[PDB]
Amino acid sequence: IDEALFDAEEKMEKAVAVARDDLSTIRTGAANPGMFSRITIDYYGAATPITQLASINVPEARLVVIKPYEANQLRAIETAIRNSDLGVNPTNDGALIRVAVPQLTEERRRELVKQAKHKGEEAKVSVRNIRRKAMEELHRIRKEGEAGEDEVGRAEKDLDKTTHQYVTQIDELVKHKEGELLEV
């Protein structure tokens, strides 16, 4: 009963932390080595972040250097960057992947803001799914006679109260991000 809630709560903060990380890849200014922290390729049957397959170094404020450990992996790596939501286009000199963020742009801003809201809604779907699963377990508890109806009643309210707390955290994260990309 309490266990169902603790667990749900635990699963929900993890969802919030995914939102947080996801949102942090949305540039608002200049480069970052974690702008690419979410980018993966198929590496011998496994979804592998490109940060495991390349040194990720920032020389300028605007430039990142991606240096594949395996020259043969460069193109796959490069292709994953281009297919990403980063809306940037990398180059290469055969051994090193250079990527300069565009000067921003007001058209670009609007897209970023839109990306921000979307990533929040994805994170909300996940949080809501966690609620549903936990609610199913409270419905079972009640059916099997494992706790009294009042107790299960209170837990359903607590579950929804908690869910709302994490959805709201997500709203604040999205809120901060749009702020940042309108001023910053």
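Start at 1 with the first residue shown and count on from there.
Annotation for 132-140 versus 36-44: the higher mean temperature factor (C-alpha) is found in 36-44. Per-stretch averaging of Cα B factors for 74-82 and 101-109 places 101-109 on top. Per the deposited coordinates, the residue with the largest Cα temperature factor out of 53, 123, 56, 147 is 56. The residue among 152, 127, 116, 30 whose C-alpha carries the highest B-factor in the deposited model is 30.
Ranked within its chain, residue 8 lands in the lowest third, by CA B factor from the PDB record.
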